[PDB]
């Protein structure tokens, strides 16, 4: 029986937008917001099974920017009051014989200056010898980063939304 392990990588950035508005727009309204403002990034998001809570299975189809590829996510948890959203990658290019699943956690933390700290944890569920490239991981972190800036810009330009 092959070695089962977990490789954990955590990363953070800041936003001028405080957690309640950021969690409502960027996290809870991702399916509707991102295809609408960034069609090149996301073509659409479709719920396959569930209502939007824990256990929900959803397929995200990318735009031209990611060669109309796609990812399938399972929602592992949602804590609206603490701004925590957990989900697993259950179908995607990042999975292999070596990486069977990636569980992510996005947590919004408030700061005293009125902003947010966006804390992203990636947990890679490994099988056998572990061979994880820093370039492969950091391209995934850059990806999430440049997209967030499009969301942040839009929310600043449309202050009446997600209040």
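Residue numbers count along the first chain shown, from 1.
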| task | Check the entry's C-alpha temperature factors for 153-161 and 2-10, then say which stretch has the higher mean. | result | 153-161
| said: Quick check on the record: does 47-55 or 125-133 carry the larger mean Cα temperature factor? | reply: 47-55
| said: What third of the chain does residue 29 rank in for C-alpha temperature factor, lowest, middle or highest? | reply: middle
| task | Ordered by C-alpha B-factor within the chain, which third holds residue 105? Give me lowest, middle or highest, please. | result | lowest
| message | Splitting the chain's C-alpha B-factors into thirds, which one does residue 140 fall into? | response | highest
| field | Relative C-alpha B-factor of residue 119, binned into the chain's lowest, middle or highest third | value | lowest
| query | Once the chain's modelled residues are ordered by C-alpha B factor and cut into thirds, is residue 60 in the lowest, middle or highest one? | reply | lowest
